[PDB]
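With compact mmCIF, C-alpha atoms inside, this is query-v8.txt:
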# COMPACT_ATOMS: atom_id res chain seq x y z
CA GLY A 1 -57.76 -38.95 2.25
CA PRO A 2 -57.30 -40.78 -1.07
CA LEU A 3 -59.26 -44.04 -1.06
CA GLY A 4 -59.09 -46.81 -3.63
CA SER A 5 -58.64 -50.58 -3.89
CA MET A 6 -58.58 -53.26 -6.59
CA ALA A 7 -58.04 -56.99 -7.13
CA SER A 8 -56.64 -59.55 -9.56
CA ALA A 9 -57.12 -63.07 -10.94
CA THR A 10 -55.63 -65.89 -13.00
CA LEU A 11 -56.34 -67.87 -16.17
CA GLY A 12 -54.80 -71.33 -16.10
CA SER A 13 -53.07 -73.31 -18.84
CA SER A 14 -50.48 -76.10 -18.79
CA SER A 15 -52.29 -79.44 -18.69
CA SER A 16 -51.22 -81.36 -21.80
CA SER A 17 -53.84 -84.10 -22.10
CA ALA A 18 -56.30 -83.51 -19.26
CA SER A 19 -55.55 -84.35 -15.63
CA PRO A 20 -58.53 -85.43 -13.50
CA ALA A 21 -56.41 -87.38 -11.02
CA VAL A 22 -54.37 -84.25 -10.36
CA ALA A 23 -57.43 -82.15 -9.52
CA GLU A 24 -59.04 -84.85 -7.38
CA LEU A 25 -55.76 -85.37 -5.52
CA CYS A 26 -55.13 -81.64 -5.14
CA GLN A 27 -58.28 -81.65 -3.02
CA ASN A 28 -56.05 -82.96 -0.23
CA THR A 29 -52.69 -81.21 -0.65
CA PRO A 30 -50.11 -80.18 -3.28
CA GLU A 31 -47.04 -81.62 -1.58
CA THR A 32 -48.98 -84.69 -0.44
CA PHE A 33 -50.35 -85.36 -3.92
CA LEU A 34 -46.92 -84.92 -5.51
CA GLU A 35 -45.35 -87.52 -3.21
CA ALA A 36 -48.43 -89.74 -3.03
CA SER A 37 -48.54 -89.71 -6.83
CA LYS A 38 -44.78 -90.11 -7.23
CA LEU A 39 -44.97 -93.72 -6.05
CA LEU A 40 -47.79 -94.50 -8.48
CA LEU A 41 -45.74 -92.99 -11.31
CA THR A 42 -42.71 -95.17 -10.56
CA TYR A 43 -44.90 -98.28 -10.47
CA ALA A 44 -46.44 -97.44 -13.85
CA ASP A 45 -42.96 -96.84 -15.26
CA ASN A 46 -42.25 -100.57 -14.99
CA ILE A 47 -45.40 -101.55 -16.88
CA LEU A 48 -44.90 -98.77 -19.42
CA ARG A 49 -41.26 -99.73 -19.93
CA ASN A 50 -42.11 -103.42 -20.32
CA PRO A 51 -45.86 -103.78 -20.99
CA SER A 52 -45.26 -106.99 -22.93
CA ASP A 53 -43.53 -108.61 -19.96
CA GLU A 54 -46.39 -110.22 -18.02
CA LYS A 55 -43.88 -110.81 -15.23
CA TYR A 56 -43.92 -107.05 -14.61
CA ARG A 57 -47.72 -106.96 -14.54
CA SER A 58 -47.48 -106.84 -10.74
CA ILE A 59 -46.04 -104.29 -8.32
CA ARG A 60 -44.61 -105.28 -4.93
CA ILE A 61 -45.31 -102.89 -2.06
CA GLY A 62 -44.62 -104.52 1.30
CA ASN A 63 -42.88 -101.42 2.64
CA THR A 64 -44.58 -100.45 5.90
CA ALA A 65 -44.34 -96.87 4.63
CA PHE A 66 -47.05 -97.69 2.08
CA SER A 67 -49.51 -98.83 4.75
CA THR A 68 -48.57 -95.78 6.83
CA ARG A 69 -48.86 -93.18 4.07
CA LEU A 70 -50.39 -94.52 0.85
CA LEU A 71 -53.35 -96.73 1.76
CA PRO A 72 -55.36 -94.56 4.18
CA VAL A 73 -54.37 -91.56 2.06
CA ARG A 74 -57.26 -89.86 0.27
CA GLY A 75 -56.48 -89.65 -3.44
CA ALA A 76 -53.93 -92.40 -4.01
CA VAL A 77 -56.40 -95.27 -3.66
CA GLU A 78 -58.93 -93.59 -5.95
CA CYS A 79 -56.12 -92.63 -8.32
CA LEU A 80 -55.01 -96.22 -8.92
CA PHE A 81 -58.56 -97.57 -9.01
CA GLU A 82 -59.65 -94.81 -11.39
CA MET A 83 -56.51 -95.03 -13.53
CA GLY A 84 -56.60 -98.82 -13.76
CA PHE A 85 -55.06 -100.79 -10.90
CA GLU A 86 -55.95 -103.39 -8.27
CA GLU A 87 -55.33 -102.93 -4.54
CA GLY A 88 -53.91 -106.15 -3.13
CA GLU A 89 -52.89 -107.35 0.32
CA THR A 90 -49.10 -107.15 -0.01
CA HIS A 91 -48.74 -106.03 -3.63
CA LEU A 92 -50.77 -104.38 -6.39
CA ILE A 93 -51.77 -106.10 -9.63
CA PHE A 94 -52.00 -104.43 -13.04
CA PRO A 95 -55.34 -105.05 -14.80
CA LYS A 96 -55.13 -106.15 -18.43
CA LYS A 97 -58.05 -103.78 -19.04
CA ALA A 98 -55.94 -100.79 -18.03
CA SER A 99 -54.75 -98.56 -20.88
CA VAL A 100 -50.97 -98.13 -20.85
CA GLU A 101 -51.27 -95.29 -23.37
CA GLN A 102 -53.53 -93.40 -20.96
CA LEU A 103 -51.36 -94.06 -17.91
CA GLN A 104 -48.33 -92.58 -19.68
CA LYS A 105 -50.28 -89.60 -21.01
CA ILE A 106 -51.35 -88.63 -17.50
CA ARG A 107 -48.08 -89.83 -15.96
CA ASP A 108 -46.28 -87.17 -17.99
CA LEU A 109 -48.06 -84.49 -15.95
CA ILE A 110 -46.66 -85.82 -12.68
CA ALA A 111 -43.25 -86.50 -14.22
CA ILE A 112 -42.80 -82.84 -15.13
CA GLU A 113 -44.53 -81.61 -11.97
CA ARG A 114 -42.00 -83.54 -9.90
CA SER A 115 -39.12 -81.39 -11.16
CA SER A 116 -41.28 -78.26 -11.11
CA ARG A 117 -41.78 -78.72 -7.37
CA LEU A 118 -38.03 -79.15 -6.83
CA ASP A 119 -37.05 -75.77 -8.28
CA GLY A 120 -33.49 -76.73 -7.41
CA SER A 121 -32.18 -75.96 -10.89
CA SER A 122 -31.49 -79.53 -11.99
CA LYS A 123 -32.88 -82.63 -13.71
CA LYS A 124 -33.47 -86.34 -13.10
Please render this file's structure as structure tokens.
Amino acid sequence: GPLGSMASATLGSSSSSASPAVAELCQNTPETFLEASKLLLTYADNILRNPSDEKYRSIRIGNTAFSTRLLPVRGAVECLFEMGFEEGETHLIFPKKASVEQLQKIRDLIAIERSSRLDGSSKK
């Protein structure tokens, strides 16, 4: 009989300004990274929105949910530490050495990815 088989492949292109945290996090899971990163994005939003306000240089996170799925999670801890954060006891502190311009640049990737994962035909 007639025999014959083939294969395929992909290229890859979408990352605006790099995205190391995305790749490192993806090592765990797509859905997990999206949610695990979502929280980090929201926290950075405050600093990015009001970087001059030293009062917003800190991020409260006493929610037991964080200690349940955010601390022991592989990717989130390294993400904040690598990006430019400080793991506290009850809340996280924003290092003055951290680059807000960089956080936003990379944050844009997750911001758009959030809606891309929804695929529910809608916006924020």
* To do: May I have the protein, DNA and RNA residues with an atom at most 12 Å from (-50.8, -82.0, -3.7), counting all atoms listed in the file in the file's coordinates, returned as a PyMOL selection string?
  => chain A and resi 21-38+73-76+110+113-114+117
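Counting only C-alpha atoms, the residue from A:104, A:72, A:89, A:94 that sits nearest to residue 57 in chain A is A:94.
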* Provide the CA of residue 98 in chain A to CA of residue 83 in chain A distance in Å, to one decimal place. => 7.3 Å
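For the residues A:107, A:65, A:87, A:118, ranking by smallest atom-to-atom distance to residue 15 in chain A using all atoms listed in the file places A:107 first.
The gap separating CA of residue 19 in chain A from CA of residue 90 in chain A is 28.4 Å, in Å to one decimal.
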